[PDB]
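Structure file protein23.cif; described as mmCIF, N, CA and C atoms and all ligand atoms.
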data_run
loop_
_atom_site.label_atom_id
_atom_site.label_comp_id
_atom_site.auth_asym_id
_atom_site.auth_seq_id
_atom_site.Cartn_x
_atom_site.Cartn_y
_atom_site.Cartn_z
N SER A 1 5.58 10.18 -0.50
CA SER A 1 4.93 11.45 -0.85
C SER A 1 4.51 11.48 -2.29
N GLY A 2 3.58 12.38 -2.63
CA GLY A 2 3.17 12.59 -4.00
C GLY A 2 1.75 13.10 -4.11
N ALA A 3 1.43 13.75 -5.21
CA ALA A 3 0.09 14.28 -5.42
C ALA A 3 -0.28 14.19 -6.89
N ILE A 4 -1.60 14.26 -7.18
CA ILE A 4 -2.14 14.43 -8.52
C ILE A 4 -2.56 15.88 -8.67
N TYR A 5 -2.18 16.53 -9.75
CA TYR A 5 -2.58 17.93 -10.00
C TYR A 5 -3.46 17.99 -11.21
N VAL A 6 -4.77 18.16 -11.07
CA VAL A 6 -5.71 18.16 -12.19
C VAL A 6 -6.60 19.40 -12.09
N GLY A 7 -6.62 20.24 -13.14
CA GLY A 7 -7.41 21.46 -13.09
C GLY A 7 -6.95 22.35 -11.95
N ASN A 8 -7.89 22.81 -11.11
CA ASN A 8 -7.50 23.59 -9.93
C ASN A 8 -7.61 22.76 -8.67
N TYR A 9 -7.25 21.47 -8.77
CA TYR A 9 -7.30 20.55 -7.64
C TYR A 9 -5.96 19.86 -7.44
N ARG A 10 -5.66 19.52 -6.18
CA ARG A 10 -4.51 18.75 -5.75
C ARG A 10 -5.09 17.55 -4.97
N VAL A 11 -4.76 16.31 -5.39
CA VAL A 11 -5.24 15.09 -4.72
C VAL A 11 -4.09 14.47 -4.00
N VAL A 12 -4.22 14.27 -2.70
CA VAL A 12 -3.15 13.68 -1.86
C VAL A 12 -3.72 12.58 -0.98
N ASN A 13 -2.85 11.76 -0.39
CA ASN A 13 -3.28 10.85 0.68
C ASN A 13 -3.74 11.71 1.86
N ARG A 14 -4.91 11.41 2.41
CA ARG A 14 -5.46 12.22 3.51
C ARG A 14 -4.46 12.22 4.69
N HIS A 15 -3.78 11.09 4.95
CA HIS A 15 -2.87 11.03 6.11
C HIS A 15 -1.60 11.83 5.92
N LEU A 16 -1.29 12.26 4.70
CA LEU A 16 -0.12 13.09 4.39
C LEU A 16 -0.49 14.55 4.07
N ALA A 17 -1.79 14.92 4.13
CA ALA A 17 -2.20 16.27 3.80
C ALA A 17 -1.52 17.30 4.74
N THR A 18 -1.16 18.42 4.18
CA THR A 18 -0.45 19.48 4.91
C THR A 18 -1.44 20.45 5.55
N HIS A 19 -0.92 21.44 6.35
CA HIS A 19 -1.79 22.48 6.89
C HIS A 19 -2.44 23.27 5.74
N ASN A 20 -1.64 23.54 4.65
CA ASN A 20 -2.20 24.28 3.53
C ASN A 20 -3.28 23.49 2.79
N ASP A 21 -3.13 22.14 2.69
CA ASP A 21 -4.20 21.33 2.08
C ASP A 21 -5.52 21.49 2.87
N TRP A 22 -5.43 21.40 4.20
CA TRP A 22 -6.64 21.53 5.04
C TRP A 22 -7.24 22.93 5.03
N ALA A 23 -6.40 23.95 4.85
CA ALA A 23 -6.89 25.35 4.75
C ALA A 23 -7.61 25.62 3.41
N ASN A 24 -7.31 24.81 2.37
CA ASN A 24 -7.94 24.96 1.07
C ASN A 24 -8.74 23.69 0.74
N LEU A 25 -9.37 23.10 1.75
CA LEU A 25 -10.08 21.83 1.58
C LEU A 25 -11.27 21.91 0.62
N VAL A 26 -11.40 20.92 -0.29
CA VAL A 26 -12.55 20.77 -1.16
C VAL A 26 -13.37 19.56 -0.72
N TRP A 27 -12.68 18.43 -0.42
CA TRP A 27 -13.37 17.19 -0.07
C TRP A 27 -12.35 16.27 0.59
N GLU A 28 -12.79 15.49 1.56
CA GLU A 28 -11.93 14.47 2.16
C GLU A 28 -12.75 13.27 2.57
N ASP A 29 -12.13 12.09 2.59
CA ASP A 29 -12.82 10.88 3.00
C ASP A 29 -11.81 9.98 3.70
N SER A 30 -11.90 9.87 5.02
CA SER A 30 -11.03 9.05 5.83
C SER A 30 -11.12 7.58 5.41
N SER A 31 -12.32 7.11 5.02
CA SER A 31 -12.45 5.69 4.64
C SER A 31 -11.74 5.39 3.34
N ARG A 32 -11.40 6.40 2.54
CA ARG A 32 -10.68 6.20 1.27
C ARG A 32 -9.21 6.62 1.37
N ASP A 33 -8.79 7.24 2.47
CA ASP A 33 -7.48 7.87 2.59
C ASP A 33 -7.25 8.94 1.51
N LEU A 34 -8.30 9.69 1.12
CA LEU A 34 -8.11 10.75 0.14
C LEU A 34 -8.48 12.13 0.69
N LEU A 35 -7.76 13.15 0.19
CA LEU A 35 -8.10 14.54 0.43
C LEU A 35 -7.81 15.32 -0.83
N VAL A 36 -8.72 16.20 -1.20
CA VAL A 36 -8.57 17.10 -2.37
C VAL A 36 -8.61 18.54 -1.88
N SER A 37 -7.63 19.33 -2.29
CA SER A 37 -7.53 20.75 -1.94
C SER A 37 -7.51 21.58 -3.24
N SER A 38 -7.83 22.89 -3.11
CA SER A 38 -7.83 23.77 -4.29
C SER A 38 -6.48 24.42 -4.52
N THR A 39 -6.16 24.68 -5.79
CA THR A 39 -4.88 25.30 -6.17
C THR A 39 -5.16 26.58 -7.01
N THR A 40 -4.18 27.45 -7.11
CA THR A 40 -4.30 28.65 -7.94
C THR A 40 -3.80 28.37 -9.37
N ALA A 41 -2.79 27.50 -9.51
CA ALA A 41 -2.23 27.19 -10.82
C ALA A 41 -2.94 25.99 -11.46
N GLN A 42 -2.95 25.93 -12.78
CA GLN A 42 -3.56 24.81 -13.52
C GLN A 42 -2.67 23.58 -13.45
N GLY A 43 -3.25 22.44 -13.13
CA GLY A 43 -2.50 21.18 -12.97
C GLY A 43 -1.96 20.50 -14.21
N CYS A 44 -0.95 19.65 -14.01
CA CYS A 44 -0.25 18.94 -15.06
C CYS A 44 -0.89 17.60 -15.50
N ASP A 45 -1.73 16.97 -14.68
CA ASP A 45 -2.28 15.59 -14.93
C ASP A 45 -3.68 15.56 -15.57
N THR A 46 -4.10 14.39 -16.06
CA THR A 46 -5.42 14.03 -16.54
C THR A 46 -5.85 12.65 -15.94
N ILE A 47 -7.15 12.48 -15.65
CA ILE A 47 -7.68 11.30 -14.97
C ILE A 47 -8.26 10.27 -15.92
N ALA A 48 -7.90 9.00 -15.74
CA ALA A 48 -8.44 7.89 -16.54
C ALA A 48 -9.92 7.70 -16.19
N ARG A 49 -10.72 7.39 -17.22
CA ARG A 49 -12.16 7.08 -16.98
C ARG A 49 -12.37 5.76 -17.73
N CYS A 50 -12.10 4.66 -17.03
CA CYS A 50 -11.98 3.35 -17.66
C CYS A 50 -12.11 2.26 -16.59
N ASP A 51 -12.02 0.98 -17.08
CA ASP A 51 -12.03 -0.17 -16.17
C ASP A 51 -10.73 -0.95 -16.29
N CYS A 52 -9.61 -0.31 -16.62
CA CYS A 52 -8.31 -1.03 -16.69
C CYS A 52 -8.00 -1.69 -15.35
N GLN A 53 -7.38 -2.86 -15.38
CA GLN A 53 -6.87 -3.55 -14.19
C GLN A 53 -5.38 -3.89 -14.33
N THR A 54 -4.68 -3.19 -15.29
CA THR A 54 -3.24 -3.22 -15.40
C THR A 54 -2.77 -1.77 -15.58
N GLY A 55 -1.54 -1.54 -15.17
CA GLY A 55 -0.95 -0.20 -15.28
C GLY A 55 0.45 -0.21 -14.71
N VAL A 56 0.98 0.99 -14.49
CA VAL A 56 2.37 1.17 -14.04
C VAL A 56 2.33 2.17 -12.90
N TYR A 57 3.06 1.86 -11.81
CA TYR A 57 3.13 2.81 -10.68
C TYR A 57 4.54 3.22 -10.37
N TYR A 58 4.69 4.42 -9.79
CA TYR A 58 5.99 4.88 -9.37
C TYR A 58 6.24 4.49 -7.90
N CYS A 59 7.38 3.84 -7.67
CA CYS A 59 7.83 3.36 -6.33
C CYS A 59 9.05 4.20 -5.89
N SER A 60 8.83 5.17 -5.00
CA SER A 60 9.91 6.05 -4.58
C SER A 60 11.00 5.35 -3.81
N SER A 61 10.67 4.25 -3.07
CA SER A 61 11.71 3.50 -2.32
C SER A 61 12.58 2.62 -3.22
N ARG A 62 12.32 2.60 -4.54
CA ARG A 62 13.18 1.98 -5.53
C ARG A 62 13.62 2.95 -6.62
N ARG A 63 13.13 4.21 -6.58
CA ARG A 63 13.33 5.18 -7.68
C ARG A 63 13.02 4.53 -9.05
N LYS A 64 11.91 3.78 -9.12
CA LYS A 64 11.60 3.02 -10.34
C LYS A 64 10.11 2.90 -10.53
N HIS A 65 9.69 2.66 -11.75
CA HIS A 65 8.30 2.34 -12.07
C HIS A 65 8.17 0.84 -12.28
N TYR A 66 7.06 0.26 -11.83
CA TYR A 66 6.79 -1.15 -11.99
C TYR A 66 5.44 -1.39 -12.62
N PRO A 67 5.32 -2.40 -13.50
CA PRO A 67 4.01 -2.77 -14.05
C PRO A 67 3.23 -3.63 -13.03
N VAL A 68 1.92 -3.49 -12.98
CA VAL A 68 1.09 -4.24 -11.98
C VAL A 68 -0.22 -4.65 -12.60
N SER A 69 -0.75 -5.79 -12.12
CA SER A 69 -2.14 -6.21 -12.31
C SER A 69 -2.83 -5.95 -10.95
N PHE A 70 -3.96 -5.24 -10.90
CA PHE A 70 -4.59 -4.88 -9.63
C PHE A 70 -6.05 -5.26 -9.63
N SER A 71 -6.57 -5.46 -8.41
CA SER A 71 -7.97 -5.79 -8.24
C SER A 71 -8.88 -4.59 -8.49
N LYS A 72 -10.17 -4.83 -8.74
CA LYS A 72 -11.13 -3.73 -8.87
C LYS A 72 -11.30 -3.02 -7.52
N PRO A 73 -11.65 -1.73 -7.53
CA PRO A 73 -11.84 -1.01 -6.24
C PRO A 73 -12.82 -1.72 -5.30
N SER A 74 -12.38 -1.94 -4.04
CA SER A 74 -13.22 -2.68 -3.10
C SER A 74 -12.91 -2.31 -1.68
N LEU A 75 -13.68 -2.90 -0.73
CA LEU A 75 -13.56 -2.62 0.69
C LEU A 75 -12.58 -3.64 1.22
N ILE A 76 -11.45 -3.21 1.76
CA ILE A 76 -10.34 -4.06 2.22
C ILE A 76 -9.93 -3.71 3.62
N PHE A 77 -9.73 -4.70 4.50
CA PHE A 77 -9.27 -4.45 5.85
C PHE A 77 -7.81 -3.97 5.87
N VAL A 78 -7.54 -2.86 6.58
CA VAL A 78 -6.20 -2.30 6.72
C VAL A 78 -5.86 -2.21 8.21
N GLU A 79 -4.72 -2.77 8.60
CA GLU A 79 -4.32 -2.81 10.00
C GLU A 79 -4.06 -1.41 10.54
N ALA A 80 -4.08 -1.24 11.86
CA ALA A 80 -3.82 0.04 12.49
C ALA A 80 -2.42 0.50 12.18
N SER A 81 -2.25 1.83 12.14
CA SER A 81 -0.97 2.48 11.96
C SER A 81 -1.01 3.71 12.88
N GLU A 82 0.05 4.53 12.86
CA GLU A 82 0.03 5.76 13.65
C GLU A 82 -1.02 6.77 13.12
N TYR A 83 -1.52 6.55 11.86
CA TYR A 83 -2.47 7.45 11.23
C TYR A 83 -3.92 7.06 11.35
N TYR A 84 -4.23 5.77 11.48
CA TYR A 84 -5.62 5.34 11.53
C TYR A 84 -5.76 4.15 12.46
N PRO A 85 -6.96 3.99 13.03
CA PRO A 85 -7.25 2.73 13.72
C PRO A 85 -7.40 1.63 12.67
N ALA A 86 -7.40 0.37 13.11
CA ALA A 86 -7.67 -0.78 12.25
C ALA A 86 -9.11 -0.56 11.67
N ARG A 87 -9.25 -0.68 10.32
CA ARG A 87 -10.54 -0.33 9.70
C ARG A 87 -10.66 -0.92 8.29
N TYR A 88 -11.84 -0.81 7.66
CA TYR A 88 -11.97 -1.17 6.25
C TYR A 88 -11.75 0.10 5.44
N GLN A 89 -10.83 0.04 4.47
CA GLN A 89 -10.61 1.16 3.55
C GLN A 89 -11.37 0.86 2.27
N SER A 90 -12.20 1.78 1.82
CA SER A 90 -13.00 1.60 0.62
C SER A 90 -12.26 2.11 -0.65
N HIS A 91 -12.76 1.66 -1.82
CA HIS A 91 -12.27 2.10 -3.14
C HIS A 91 -10.76 1.79 -3.27
N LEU A 92 -10.30 0.67 -2.70
CA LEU A 92 -8.89 0.30 -2.70
C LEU A 92 -8.67 -0.84 -3.65
N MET A 93 -7.55 -0.75 -4.37
CA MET A 93 -7.15 -1.76 -5.38
C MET A 93 -5.83 -2.36 -4.98
N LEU A 94 -5.75 -3.69 -4.85
CA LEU A 94 -4.50 -4.32 -4.42
C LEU A 94 -3.73 -4.96 -5.58
N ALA A 95 -2.41 -4.99 -5.45
CA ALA A 95 -1.54 -5.64 -6.43
C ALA A 95 -0.33 -6.18 -5.72
N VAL A 96 0.37 -7.12 -6.39
CA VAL A 96 1.66 -7.58 -5.92
C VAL A 96 2.75 -6.64 -6.44
N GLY A 97 3.49 -6.06 -5.50
CA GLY A 97 4.55 -5.12 -5.85
C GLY A 97 5.18 -4.60 -4.59
N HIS A 98 6.40 -4.07 -4.69
CA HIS A 98 7.06 -3.52 -3.52
C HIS A 98 6.48 -2.15 -3.08
N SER A 99 6.31 -1.96 -1.78
CA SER A 99 5.93 -0.68 -1.21
C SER A 99 6.31 -0.62 0.25
N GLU A 100 6.68 0.57 0.68
CA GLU A 100 7.02 0.98 2.06
C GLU A 100 6.13 2.23 2.37
N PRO A 101 5.96 2.59 3.66
CA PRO A 101 5.07 3.73 3.99
C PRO A 101 5.31 5.03 3.22
N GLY A 102 6.57 5.42 3.05
CA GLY A 102 6.94 6.63 2.31
C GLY A 102 6.59 6.58 0.83
N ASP A 103 6.22 5.39 0.29
CA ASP A 103 5.78 5.29 -1.11
C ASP A 103 4.38 5.82 -1.36
N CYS A 104 3.62 6.11 -0.30
CA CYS A 104 2.27 6.66 -0.46
C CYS A 104 2.33 7.96 -1.24
N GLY A 105 1.45 8.10 -2.20
CA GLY A 105 1.43 9.29 -3.07
C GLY A 105 1.95 9.00 -4.47
N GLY A 106 2.67 7.89 -4.65
CA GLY A 106 3.13 7.52 -6.01
C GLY A 106 1.92 7.29 -6.91
N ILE A 107 2.00 7.74 -8.14
CA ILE A 107 0.88 7.60 -9.08
C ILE A 107 0.86 6.26 -9.81
N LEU A 108 -0.34 5.71 -9.94
CA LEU A 108 -0.63 4.55 -10.81
C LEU A 108 -1.30 5.12 -12.05
N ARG A 109 -0.80 4.74 -13.24
CA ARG A 109 -1.36 5.17 -14.53
C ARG A 109 -1.61 3.97 -15.40
N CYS A 110 -2.64 4.11 -16.24
CA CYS A 110 -2.85 3.17 -17.38
C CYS A 110 -2.70 4.00 -18.66
N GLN A 111 -2.99 3.40 -19.85
CA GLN A 111 -2.87 4.16 -21.09
C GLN A 111 -3.86 5.34 -21.18
N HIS A 112 -4.86 5.44 -20.29
CA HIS A 112 -5.88 6.49 -20.36
C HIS A 112 -5.62 7.69 -19.48
N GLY A 113 -4.72 7.52 -18.49
CA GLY A 113 -4.47 8.60 -17.56
C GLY A 113 -4.19 8.07 -16.16
N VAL A 114 -4.32 8.98 -15.19
CA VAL A 114 -4.08 8.61 -13.79
C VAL A 114 -5.24 7.74 -13.26
N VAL A 115 -4.93 6.64 -12.61
CA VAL A 115 -5.90 5.73 -12.04
C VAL A 115 -6.09 5.95 -10.52
N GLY A 116 -4.97 6.17 -9.83
CA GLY A 116 -5.01 6.37 -8.37
C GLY A 116 -3.64 6.60 -7.79
N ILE A 117 -3.57 6.58 -6.44
CA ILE A 117 -2.28 6.85 -5.77
C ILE A 117 -1.99 5.76 -4.75
N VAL A 118 -0.70 5.42 -4.54
CA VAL A 118 -0.33 4.44 -3.52
C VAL A 118 -0.86 4.88 -2.15
N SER A 119 -1.49 3.94 -1.45
CA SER A 119 -2.08 4.22 -0.14
C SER A 119 -1.79 3.11 0.91
N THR A 120 -1.62 1.85 0.48
CA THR A 120 -1.40 0.75 1.47
C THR A 120 -0.32 -0.20 0.95
N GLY A 121 0.14 -1.10 1.80
CA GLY A 121 1.07 -2.11 1.31
C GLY A 121 1.71 -2.88 2.43
N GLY A 122 2.77 -3.58 2.06
CA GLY A 122 3.60 -4.38 2.96
C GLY A 122 3.63 -5.81 2.47
N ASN A 123 4.67 -6.55 2.85
CA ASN A 123 4.85 -7.97 2.50
C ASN A 123 4.67 -8.29 1.05
N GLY A 124 5.20 -7.43 0.18
CA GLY A 124 5.12 -7.66 -1.25
C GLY A 124 3.81 -7.27 -1.88
N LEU A 125 2.94 -6.56 -1.13
CA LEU A 125 1.70 -5.99 -1.68
C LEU A 125 1.81 -4.47 -1.79
N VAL A 126 1.04 -3.90 -2.68
CA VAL A 126 0.91 -2.45 -2.81
C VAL A 126 -0.61 -2.18 -3.09
N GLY A 127 -1.21 -1.24 -2.38
CA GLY A 127 -2.62 -0.89 -2.56
C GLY A 127 -2.77 0.55 -3.03
N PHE A 128 -3.68 0.77 -3.93
CA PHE A 128 -3.89 2.09 -4.54
C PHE A 128 -5.32 2.58 -4.26
N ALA A 129 -5.40 3.87 -3.83
CA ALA A 129 -6.68 4.52 -3.67
C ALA A 129 -7.17 4.94 -5.08
N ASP A 130 -8.30 4.42 -5.53
CA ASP A 130 -8.84 4.76 -6.85
C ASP A 130 -9.34 6.20 -6.87
N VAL A 131 -9.16 6.90 -8.01
CA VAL A 131 -9.75 8.22 -8.19
C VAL A 131 -10.65 8.29 -9.43
N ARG A 132 -10.81 7.17 -10.17
CA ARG A 132 -11.54 7.20 -11.46
C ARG A 132 -12.99 7.50 -11.34
N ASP A 133 -13.58 7.23 -10.15
CA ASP A 133 -15.01 7.52 -9.97
C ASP A 133 -15.29 9.00 -9.61
N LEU A 134 -14.27 9.79 -9.35
CA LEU A 134 -14.46 11.19 -8.92
C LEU A 134 -14.56 12.09 -10.16
N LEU A 135 -15.76 12.07 -10.76
CA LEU A 135 -15.96 12.74 -12.06
C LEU A 135 -15.80 14.24 -12.00
N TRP A 136 -16.10 14.83 -10.82
CA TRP A 136 -16.02 16.27 -10.64
C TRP A 136 -14.56 16.78 -10.71
N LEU A 137 -13.53 15.90 -10.62
CA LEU A 137 -12.14 16.38 -10.70
C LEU A 137 -11.87 17.09 -12.05
N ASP A 138 -12.63 16.71 -13.10
CA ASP A 138 -12.53 17.17 -14.50
C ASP A 138 -13.34 18.39 -14.83
N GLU A 139 -14.23 18.82 -13.94
CA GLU A 139 -15.12 19.94 -14.23
C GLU A 139 -14.52 21.21 -13.64
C1 LIG A 201 2.51 1.90 0.77
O1 LIG A 201 1.90 1.99 2.08
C2 LIG A 201 2.41 1.22 3.07
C3 LIG A 201 3.43 0.28 2.94
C4 LIG A 201 3.83 -0.43 4.06
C5 LIG A 201 3.18 -0.20 5.25
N1 LIG A 201 2.18 0.69 5.38
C6 LIG A 201 1.80 1.40 4.31
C7 LIG A 201 0.70 2.42 4.49
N2 LIG A 201 0.00 2.30 5.78
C8 LIG A 201 0.49 3.31 6.73
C9 LIG A 201 -0.02 4.71 6.46
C10 LIG A 201 -1.55 4.73 6.35
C11 LIG A 201 -2.01 3.70 5.30
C12 LIG A 201 -3.52 3.65 5.17
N3 LIG A 201 -4.02 3.91 3.97
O2 LIG A 201 -4.23 3.34 6.14
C13 LIG A 201 -1.48 2.30 5.64
ZN ZN A 202 -7.35 2.77 -18.47
#
Take the structure in this file and express it as structure tokens.
Amino acid sequence: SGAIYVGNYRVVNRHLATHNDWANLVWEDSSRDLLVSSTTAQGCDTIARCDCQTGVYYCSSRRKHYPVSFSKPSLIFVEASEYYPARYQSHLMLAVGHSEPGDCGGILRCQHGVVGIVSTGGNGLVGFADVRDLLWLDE
């Protein structure tokens, strides 16, 4: 679990979005595993606008943060789960690191701000849904 809170927006994994997220929907994209909903309170986070390929992510199944080197956002095949059919997920960045399904929502940060959220993984890999291209999150 986990979310990004920026301005009057809440960014979550689309497959973990709640009934309240869908009732206050701003934008969603199944191919990215992202959903953004509106909030009444001002958020705590800020978004990176950069090309960093290193950063630190929070891993809830270890209660720890780990440093990672990750690939640039790209189209990556993701196997079927109870949430999606087997498909290509876009804007995904892969790294070597521990992750389990419940780790989705953990934030990846670089020195500039939030980069994305945990969305995929297994077998010593962890994948992050990028949010740096969503410029409207800041307006
Ligand atoms: C950290 O995520 C892990 C780890 C291990 C195994 N499965 C996942 C996530 N997995 C299941 C939920 C939907 C997700 C997706 N974006 O399609 C894929
Ligand atoms: Zn950066």
Find the residues around residue 119 in chain A up to 12 Å (only C-alpha atoms counted), leave out those fewer than 2 positions away in its own chain, and share them as a ChimeraX atom specification. /A:1-3,12-16,30-35,57,59,76,78,83,89-95,99-108,116-117,121-122,125-131
May I have all residues of range 17-132 of chain A that DSSP, computed from the backbone, assigns to helix (DSSP H, G or I), given as a list in words? residues 19, 20, 21, 22, 23, 30, 31, 32, 101, 102 and 103 of chain A
Selection from above, N, CA and C atoms, as a compact mmCIF listing (two decimals), in the frame of the given file, can you write it?
# COMPACT_ATOMS: atom_id res chain seq x y z
N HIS A 19 -0.92 21.44 6.35
CA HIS A 19 -1.79 22.48 6.89
C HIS A 19 -2.44 23.27 5.74
N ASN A 20 -1.64 23.54 4.65
CA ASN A 20 -2.20 24.28 3.53
C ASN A 20 -3.28 23.49 2.79
N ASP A 21 -3.13 22.14 2.69
CA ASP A 21 -4.20 21.33 2.08
C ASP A 21 -5.52 21.49 2.87
N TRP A 22 -5.43 21.40 4.20
CA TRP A 22 -6.64 21.53 5.04
C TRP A 22 -7.24 22.93 5.03
N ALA A 23 -6.40 23.95 4.85
CA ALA A 23 -6.89 25.35 4.75
C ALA A 23 -7.61 25.62 3.41
N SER A 30 -11.90 9.87 5.02
CA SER A 30 -11.03 9.05 5.83
C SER A 30 -11.12 7.58 5.41
N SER A 31 -12.32 7.11 5.02
CA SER A 31 -12.45 5.69 4.64
C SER A 31 -11.74 5.39 3.34
N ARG A 32 -11.40 6.40 2.54
CA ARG A 32 -10.68 6.20 1.27
C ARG A 32 -9.21 6.62 1.37
N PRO A 101 5.96 2.59 3.66
CA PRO A 101 5.07 3.73 3.99
C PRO A 101 5.31 5.03 3.22
N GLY A 102 6.57 5.42 3.05
CA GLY A 102 6.94 6.63 2.31
C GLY A 102 6.59 6.58 0.83
N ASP A 103 6.22 5.39 0.29
CA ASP A 103 5.78 5.29 -1.11
C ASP A 103 4.38 5.82 -1.36
Quote the spacing between atom C of residue 75 in chain A and CA of residue 17 in chain A in Å to one decimal place. 22.6 Å
Using 9 Å as the limit and counting only C-alpha atoms and all ligand atoms, can you tabulate each residue of chain A that touches ligand ZN 202 (chain A), with its shortest atom-to-atom distance in Å and the two atoms involved, as a Markdown table?
| residue | atom | partner | partner_atom | distance |
| --- | --- | --- | --- | --- |
| A:48 | CA | A:ZN202 | ZN | 5.6 |
| A:49 | CA | A:ZN202 | ZN | 6.6 |
| A:50 | CA | A:ZN202 | ZN | 4.7 |
| A:51 | CA | A:ZN202 | ZN | 6.0 |
| A:52 | CA | A:ZN202 | ZN | 4.3 |
| A:53 | CA | A:ZN202 | ZN | 7.6 |
| A:54 | CA | A:ZN202 | ZN | 7.9 |
| A:55 | CA | A:ZN202 | ZN | 7.7 |
| A:109 | CA | A:ZN202 | ZN | 7.6 |
| A:110 | CA | A:ZN202 | ZN | 4.6 |
| A:111 | CA | A:ZN202 | ZN | 5.4 |
| A:112 | CA | A:ZN202 | ZN | 4.4 |
| A:113 | CA | A:ZN202 | ZN | 6.6 |
| A:114 | CA | A:ZN202 | ZN | 8.2 |
| A:115 | CA | A:ZN202 | ZN | 7.2 |
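The spacing separating atom N of residue 74 in chain A from CA of residue 29 in chain A amounts to 14.6 Å.
The nearest approach to residue 5 in chain A among the residues A:80, A:63, A:137, A:123, with only C-alpha atoms taken into account, belongs to A:137.
Closest to residue 23 in chain A among A:61, A:81, A:46, A:37 is A:37, based on only N, CA and C atoms.
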What separation in Å, quoted to one decimal, exists between atom C of residue 136 in chain A and atom C of residue 72 in chain A? 20.3 Å
I need the strand (DSSP E) residues of range 27-57 of chain A per DSSP on the backbone, written as a VMD selection string. chain A and resid 27 to 29 34 to 38 54 to 57
Between A:36, A:133, A:56, A:84, which residue has the minimum interatomic distance to ligand LIG 201 (chain A), considering all atoms listed in the file? A:84
Could you write out as lines of an AutoDock Vina configuration file the box around range 29-46 of chain A (axis-aligned, all atoms listed in the file, 5 Å on each side), with centre and edge lengths in Å to one decimal?
center_x = -6.5
center_y = 17.0
center_z = -5.4
size_x = 22.6
size_y = 33.3
size_z = 32.4
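Between ligand LIG 201 (chain A) and the residues A:120, A:20, A:40, A:71, the shortest atom-to-atom distance, using all atoms listed in the file, involves A:120.
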For range 58-70 of chain A, supply N, CA, C and O atoms and format the output as a PDB file, in the coordinates of the input.
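What follows is the written file rebuild.pdb:
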ATOM      1  N   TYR A  58       4.690   4.420  -9.790  1.00  0.00           N
ATOM      2  CA  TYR A  58       5.990   4.880  -9.370  1.00  0.00           C
ATOM      3  C   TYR A  58       6.240   4.490  -7.900  1.00  0.00           C
ATOM      4  O   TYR A  58       5.436   4.763  -7.015  1.00  0.00           O
ATOM      5  N   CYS A  59       7.380   3.840  -7.670  1.00  0.00           N
ATOM      6  CA  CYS A  59       7.830   3.360  -6.330  1.00  0.00           C
ATOM      7  C   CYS A  59       9.050   4.200  -5.890  1.00  0.00           C
ATOM      8  O   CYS A  59      10.184   3.937  -6.309  1.00  0.00           O
ATOM      9  N   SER A  60       8.830   5.170  -5.000  1.00  0.00           N
ATOM     10  CA  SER A  60       9.910   6.050  -4.580  1.00  0.00           C
ATOM     11  C   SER A  60      11.000   5.350  -3.810  1.00  0.00           C
ATOM     12  O   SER A  60      12.173   5.721  -3.973  1.00  0.00           O
ATOM     13  N   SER A  61      10.670   4.250  -3.070  1.00  0.00           N
ATOM     14  CA  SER A  61      11.710   3.500  -2.320  1.00  0.00           C
ATOM     15  C   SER A  61      12.580   2.620  -3.220  1.00  0.00           C
ATOM     16  O   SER A  61      13.544   2.034  -2.697  1.00  0.00           O
ATOM     17  N   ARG A  62      12.320   2.600  -4.540  1.00  0.00           N
ATOM     18  CA  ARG A  62      13.180   1.980  -5.530  1.00  0.00           C
ATOM     19  C   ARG A  62      13.620   2.950  -6.620  1.00  0.00           C
ATOM     20  O   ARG A  62      14.314   2.520  -7.548  1.00  0.00           O
ATOM     21  N   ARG A  63      13.130   4.210  -6.580  1.00  0.00           N
ATOM     22  CA  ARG A  63      13.330   5.180  -7.680  1.00  0.00           C
ATOM     23  C   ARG A  63      13.020   4.530  -9.050  1.00  0.00           C
ATOM     24  O   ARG A  63      13.786   4.656 -10.025  1.00  0.00           O
ATOM     25  N   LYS A  64      11.910   3.780  -9.120  1.00  0.00           N
ATOM     26  CA  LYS A  64      11.600   3.020 -10.340  1.00  0.00           C
ATOM     27  C   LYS A  64      10.110   2.900 -10.530  1.00  0.00           C
ATOM     28  O   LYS A  64       9.357   2.968  -9.549  1.00  0.00           O
ATOM     29  N   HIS A  65       9.690   2.660 -11.750  1.00  0.00           N
ATOM     30  CA  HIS A  65       8.300   2.340 -12.070  1.00  0.00           C
ATOM     31  C   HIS A  65       8.170   0.840 -12.280  1.00  0.00           C
ATOM     32  O   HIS A  65       9.067   0.178 -12.844  1.00  0.00           O
ATOM     33  N   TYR A  66       7.060   0.260 -11.830  1.00  0.00           N
ATOM     34  CA  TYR A  66       6.790  -1.150 -11.990  1.00  0.00           C
ATOM     35  C   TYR A  66       5.440  -1.390 -12.620  1.00  0.00           C
ATOM     36  O   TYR A  66       4.438  -0.719 -12.301  1.00  0.00           O
ATOM     37  N   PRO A  67       5.320  -2.400 -13.500  1.00  0.00           N
ATOM     38  CA  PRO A  67       4.010  -2.770 -14.050  1.00  0.00           C
ATOM     39  C   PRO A  67       3.230  -3.630 -13.030  1.00  0.00           C
ATOM     40  O   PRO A  67       3.852  -4.408 -12.262  1.00  0.00           O
ATOM     41  N   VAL A  68       1.920  -3.490 -12.980  1.00  0.00           N
ATOM     42  CA  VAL A  68       1.090  -4.240 -11.980  1.00  0.00           C
ATOM     43  C   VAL A  68      -0.220  -4.650 -12.600  1.00  0.00           C
ATOM     44  O   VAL A  68      -0.760  -3.995 -13.490  1.00  0.00           O
ATOM     45  N   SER A  69      -0.750  -5.790 -12.120  1.00  0.00           N
ATOM     46  CA  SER A  69      -2.140  -6.210 -12.310  1.00  0.00           C
ATOM     47  C   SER A  69      -2.830  -5.950 -10.950  1.00  0.00           C
ATOM     48  O   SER A  69      -2.273  -6.340  -9.936  1.00  0.00           O
ATOM     49  N   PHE A  70      -3.960  -5.240 -10.900  1.00  0.00           N
ATOM     50  CA  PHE A  70      -4.590  -4.880  -9.630  1.00  0.00           C
ATOM     51  C   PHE A  70      -6.050  -5.260  -9.630  1.00  0.00           C
ATOM     52  O   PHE A  70      -6.732  -5.352 -10.659  1.00  0.00           O
TER      53      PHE A  70
END
